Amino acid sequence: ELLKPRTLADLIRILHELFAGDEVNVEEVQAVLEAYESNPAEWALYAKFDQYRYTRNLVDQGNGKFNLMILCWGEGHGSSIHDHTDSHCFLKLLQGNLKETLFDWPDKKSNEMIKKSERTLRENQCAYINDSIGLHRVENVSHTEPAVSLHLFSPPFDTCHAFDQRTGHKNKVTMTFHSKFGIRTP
């Protein structure tokens, strides 16, 4: 029985219920994430930017079965082309816009990775990816506006692969945290 989250806090409580069991109802999770109306005051604590690249800010450690974080993207900041380590990944915009470009898993052949599609994710929208869908790149293409997104990963994971668009070659990356629970984590 899914209800609208009134606040980020409420959203988090609801996520603990949704992940109370062993399996994930993706459509239900995506629905509740979307239903949350971004309130900049509720997440300002987590919205820590860096001048040079996007930051990953842990919000909730979950119940062992998921994590929740906020990512902050300066003008022109973007990600690698990357996977998500056999986890569910949900992305909701809290501020600004992000361009998401989808790529297919590369063949063993060295080949230019060609964009399967792109979309503009706008404030409050919740997107979903998993490895069965493909790979993606996420970018703030704005010249004038920062972006902020809310991400849920289940199970949690701290490693992923980056892919070279020219070749499809992958490299294993360890993902870091800029902050945890509002506290900067050098």
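Each residue number is its position in the shown sequence, starting from 1.
**Student:** Comparing average C-alpha B factors as deposited, tell me which of 138 to 146 and 66 to 74 sits higher.
**Tutor:** Mean B over CA atoms: larger for 138 to 146.
**Student:** Mean Cα B factor from the PDB record: higher for 27 to 35, or higher for 114 to 122?
**Tutor:** Here the higher of the two C-alpha B-factor means belongs to 114 to 122.
**Student:** Select lowest, middle or highest to describe the third in which the CA B-factor of residue 108 falls within its chain in this entry.
**Tutor:** It belongs to the highest third of the chain when residues are ordered by C-alpha B-factor.
**Student:** Please place residue 158 in the lowest, middle or highest third of its chain by C-alpha B factor as given in the entry.
**Tutor:** According to the entry, residue 158 has a C-alpha B-factor in the chain's highest third.
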